[PDB]
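Reading through the C-alpha cells given below for one structure.
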Amino acid sequence: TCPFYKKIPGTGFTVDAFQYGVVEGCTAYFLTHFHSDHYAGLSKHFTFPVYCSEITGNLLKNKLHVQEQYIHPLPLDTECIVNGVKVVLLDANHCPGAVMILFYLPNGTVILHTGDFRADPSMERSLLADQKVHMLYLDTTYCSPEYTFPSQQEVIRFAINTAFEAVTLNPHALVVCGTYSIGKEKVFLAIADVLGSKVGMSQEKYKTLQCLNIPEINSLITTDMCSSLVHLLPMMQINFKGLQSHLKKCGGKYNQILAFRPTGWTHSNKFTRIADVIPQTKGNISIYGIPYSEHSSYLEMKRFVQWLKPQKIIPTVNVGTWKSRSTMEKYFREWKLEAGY
Ligand code: NI
C-alpha cells in the first residue's frame, strides 16, 4: 500500500510509486529519476502511462524494457498539460535525467516535488521565481547540521590533481573508479580527460552511459579495457581483495592501482578537510574515499527552503522513525521563525 507522501492530492497522480501494484485512482505515474529505490517495481509488463524526462525514458526502454507506447517523455522548463493538469519539469541537479515536478492544481494550489536534488542558488532563477508554492515534498536526506561536505568542483579538483600526480610519477599505474548506479559520472570523466585516456568498462555499464545524452560520449568511453588507463568497476569490488584480483587480469601492463570510492557523506567529514584527505594503502594499492554528493548539504537545503517560503513541508526521506521526523520538524520551524514566513 502506497504511502501518503507519494500521492498528489486533487489529481490522479503518484510520484515514484511503482512497487505497490495498481494504485487505486492513479491515471499517470511520474518517475523523478532512474535510481532503484524510486523505480522499484517497473518492468516490460508495466501497462500504465509513465511520465519522465527524455533521459529517464531512454533508460526505461533500454535497461528495464518498458514498452515504448507507455513512455511519455517531457521536455524541461516547458509548461505541459497531463490529464487536464498543468505540470513543469525542472533540473534537480542530482543524476542524469533527474527532475523536480511543479504541479498547478485545478483549485489554485501549487505543489513542488523535489524528487532527489542538490539545491543550488541557480534554482532561484528558474521558473520557480514566478509564483508561490503551497506544498513542498522535500528530499531531506541530509537534514541535520552535522552533514557538511565540499562543492562538487572542489572534490573534482582534488581527484584530478591526485590522479595526474600519481600517473606522472608512475606511468605504469592504473586508475580505478567505483560505480553502482548512474550519477557521479564527472569523477571518472574528469580524471580520464586529464590523463588523455578513454574510460574502460563492462558492456552493461557502457549501455547505461549510452542512454544519458552526454555530448561527444563516443570520444570519452570504451569497452576495450586494454586500450584505457581509467577503469570502472562495481563499487563492491573497491577493496584490497577485489583490486588485487583485477590487477592480475591486466596481463602485467600495470604495477600499481590508485582507486576512488565516491561516497556520500561519511563521519570522516566531521574532522578532515578535503585538502587533508589521505588514502588507505596496502602494498601497491591505494583507495581514496571522496565526499562527492548529489544531495543537498544541510546549509544548501536551508537556503533553498528559506528562499521558497512554502506554506507546508512534507519530507520524503528519513520518514521511518519518530526521532528523525521530530528532528526534521524542529529544523523546519527554526527556519521559518528565522526568515519570518
Ligand atoms: Ni537518487
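Chain lettering (A, B, ...) mirrors the order of the C-alpha cells, residue numbering begins at 1 for each chain separately, and ligand numbering begins at 1 in order of display.
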Neighbour list for residue 136 of chain A as a PyMOL selection string, cut-off 9 Å, only C-alpha atoms, skip fewer than 6 positions in-chain: chain A and resi 111-114+305+310-315
Neighbourhood of ligand 1 at 7 Å, counting only C-alpha atoms and all ligand atoms, reported as an NGL selection string: :A and (33 or 35 or 94 or 116)
Spatial neighbours of residue 246 of chain A, 12 Å, only C-alpha atoms, chain gap at least 6 places, as an NGL selection string: :A and (174-176 or 225 or 231-234 or 237-240 or 252-257 or 259 or 285)
Pick from A:135, A:62, A:274, A:296 nearest to residue 44 of chain A, counting only C-alpha atoms: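 Under the stated criterion, the closest residue is A:62.
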Shortest interatomic distance to residue 156 of chain A - which of A:187, A:52, A:81, A:211, counting only C-alpha atoms: A:187
Best match for closeness to residue 186 of chain A among A:145, A:262, A:73, A:10, counting only C-alpha atoms: A:262
Given only C-alpha atoms as the counted atoms, nearest of A:100, A:123, A:220, A:129 to residue 304 of chain A: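 Closest candidate: A:123.
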Expected answer as a VMD selection string: strand (DSSP E) residues in segment 280-310 of chain A: chain A and resid 280 to 282 285 to 291
Per-residue DSSP, segment 95-276 of chain A, filtered to helix (DSSP H, G or I), as JSON, numbers by chain: {"A": [121, 122, 123, 124, 125, 152, 153, 154, 155, 156, 157, 158, 159, 160, 161, 162, 163, 164, 165, 166, 167, 168, 169, 185, 186, 187, 188, 189, 190, 191, 192, 193, 194, 195, 203, 204, 205, 206, 207, 208, 209, 210, 217, 218, 219, 225, 226, 227, 235, 236, 237, 240, 241, 242, 243, 244, 245, 246, 247, 248, 249, 267, 268, 269, 270, 274, 275, 276]}
Create the file for the chosen residues now, containing C-alpha atoms and written as a PDB file, in the first residue's frame.
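Saved result, part.pdb, follows:
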ATOM      1  CA  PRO A 121      21.282  29.200  -5.906  1.00  0.00           C
ATOM      2  CA  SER A 122      20.711  28.827  -9.681  1.00  0.00           C
ATOM      3  CA  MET A 123      17.286  27.358  -8.873  1.00  0.00           C
ATOM      4  CA  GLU A 124      16.310  30.856  -7.504  1.00  0.00           C
ATOM      5  CA  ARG A 125      16.271  31.964 -11.242  1.00  0.00           C
ATOM      6  CA  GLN A 152      31.449  19.176  -6.351  1.00  0.00           C
ATOM      7  CA  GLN A 153      34.080  21.474  -8.097  1.00  0.00           C
ATOM      8  CA  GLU A 154      36.491  21.235  -5.031  1.00  0.00           C
ATOM      9  CA  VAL A 155      36.088  17.421  -4.949  1.00  0.00           C
ATOM     10  CA  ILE A 156      36.803  17.109  -8.717  1.00  0.00           C
ATOM     11  CA  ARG A 157      39.886  19.410  -8.396  1.00  0.00           C
ATOM     12  CA  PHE A 158      41.252  17.049  -5.651  1.00  0.00           C
ATOM     13  CA  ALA A 159      40.583  13.927  -7.744  1.00  0.00           C
ATOM     14  CA  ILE A 160      42.161  15.253 -10.999  1.00  0.00           C
ATOM     15  CA  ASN A 161      45.312  16.632  -9.149  1.00  0.00           C
ATOM     16  CA  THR A 162      45.733  13.322  -7.206  1.00  0.00           C
ATOM     17  CA  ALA A 163      45.385  11.100 -10.301  1.00  0.00           C
ATOM     18  CA  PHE A 164      47.619  13.306 -12.541  1.00  0.00           C
ATOM     19  CA  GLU A 165      50.419  13.402  -9.915  1.00  0.00           C
ATOM     20  CA  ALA A 166      50.325   9.571  -9.358  1.00  0.00           C
ATOM     21  CA  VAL A 167      50.367   8.596 -13.018  1.00  0.00           C
ATOM     22  CA  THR A 168      53.061  11.195 -13.955  1.00  0.00           C
ATOM     23  CA  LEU A 169      55.268   9.751 -11.151  1.00  0.00           C
ATOM     24  CA  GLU A 185      29.997  10.500 -13.967  1.00  0.00           C
ATOM     25  CA  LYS A 186      32.106  13.710 -13.638  1.00  0.00           C
ATOM     26  CA  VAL A 187      34.515  11.793 -11.274  1.00  0.00           C
ATOM     27  CA  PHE A 188      35.752   9.317 -13.892  1.00  0.00           C
ATOM     28  CA  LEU A 189      35.273  11.657 -16.921  1.00  0.00           C
ATOM     29  CA  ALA A 190      37.392  14.441 -15.380  1.00  0.00           C
ATOM     30  CA  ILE A 191      40.194  12.014 -14.358  1.00  0.00           C
ATOM     31  CA  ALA A 192      40.285  10.320 -17.860  1.00  0.00           C
ATOM     32  CA  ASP A 193      40.366  13.840 -19.540  1.00  0.00           C
ATOM     33  CA  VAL A 194      43.473  14.958 -17.511  1.00  0.00           C
ATOM     34  CA  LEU A 195      45.224  11.585 -18.375  1.00  0.00           C
ATOM     35  CA  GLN A 203      29.316  -3.791 -21.818  1.00  0.00           C
ATOM     36  CA  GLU A 204      26.419  -3.413 -19.276  1.00  0.00           C
ATOM     37  CA  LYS A 205      27.809  -0.047 -17.964  1.00  0.00           C
ATOM     38  CA  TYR A 206      28.634   1.161 -21.490  1.00  0.00           C
ATOM     39  CA  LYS A 207      24.989   0.520 -22.475  1.00  0.00           C
ATOM     40  CA  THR A 208      23.781   2.604 -19.458  1.00  0.00           C
ATOM     41  CA  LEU A 209      26.063   5.558 -20.336  1.00  0.00           C
ATOM     42  CA  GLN A 210      24.913   5.488 -23.975  1.00  0.00           C
ATOM     43  CA  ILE A 217      30.325  10.447 -25.331  1.00  0.00           C
ATOM     44  CA  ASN A 218      31.723   8.199 -28.115  1.00  0.00           C
ATOM     45  CA  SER A 219      35.052  10.160 -27.764  1.00  0.00           C
ATOM     46  CA  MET A 225      39.744  -2.345 -21.396  1.00  0.00           C
ATOM     47  CA  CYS A 226      43.288  -2.867 -22.792  1.00  0.00           C
ATOM     48  CA  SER A 227      43.282   0.500 -24.543  1.00  0.00           C
ATOM     49  CA  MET A 235      31.503  -0.393  -6.014  1.00  0.00           C
ATOM     50  CA  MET A 236      31.588  -3.783  -4.207  1.00  0.00           C
ATOM     51  CA  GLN A 237      34.915  -4.612  -5.835  1.00  0.00           C
ATOM     52  CA  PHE A 240      42.137  -4.629  -1.487  1.00  0.00           C
ATOM     53  CA  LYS A 241      40.982  -8.169  -2.418  1.00  0.00           C
ATOM     54  CA  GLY A 242      38.903  -7.043  -5.393  1.00  0.00           C
ATOM     55  CA  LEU A 243      41.574  -4.693  -6.701  1.00  0.00           C
ATOM     56  CA  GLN A 244      44.350  -7.350  -6.387  1.00  0.00           C
ATOM     57  CA  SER A 245      42.209  -9.667  -8.462  1.00  0.00           C
ATOM     58  CA  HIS A 246      41.576  -7.023 -11.136  1.00  0.00           C
ATOM     59  CA  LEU A 247      45.354  -6.204 -11.370  1.00  0.00           C
ATOM     60  CA  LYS A 248      46.030  -9.926 -12.086  1.00  0.00           C
ATOM     61  CA  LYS A 249      43.710  -9.660 -15.127  1.00  0.00           C
ATOM     62  CA  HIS A 267      31.791  10.852   9.608  1.00  0.00           C
ATOM     63  CA  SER A 268      35.379  11.443   8.437  1.00  0.00           C
ATOM     64  CA  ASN A 269      33.640  14.700   7.104  1.00  0.00           C
ATOM     65  CA  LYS A 270      33.184  15.866  10.727  1.00  0.00           C
ATOM     66  CA  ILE A 274      39.146  17.713   1.542  1.00  0.00           C
ATOM     67  CA  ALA A 275      42.720  19.077   1.190  1.00  0.00           C
ATOM     68  CA  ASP A 276      43.878  16.854   4.076  1.00  0.00           C
TER      69      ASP A 276
END
Residue among A:224, A:54, A:120, A:139 lying closest to residue 307 of chain A, counting only C-alpha atoms: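 With only C-alpha atoms as the atom set, the closest residue is A:120.
In this comparison, which uses only C-alpha atoms, the residue of A:59, A:31, A:317, A:328 approaching residue 182 of chain A most closely is A:59.
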Distance query residue 84 of chain A at most 12 Å, only C-alpha atoms, self and fewer than 5 positions along chain excluded, as a PyMOL selection string: chain A and resi 10-13+27-28+103-106
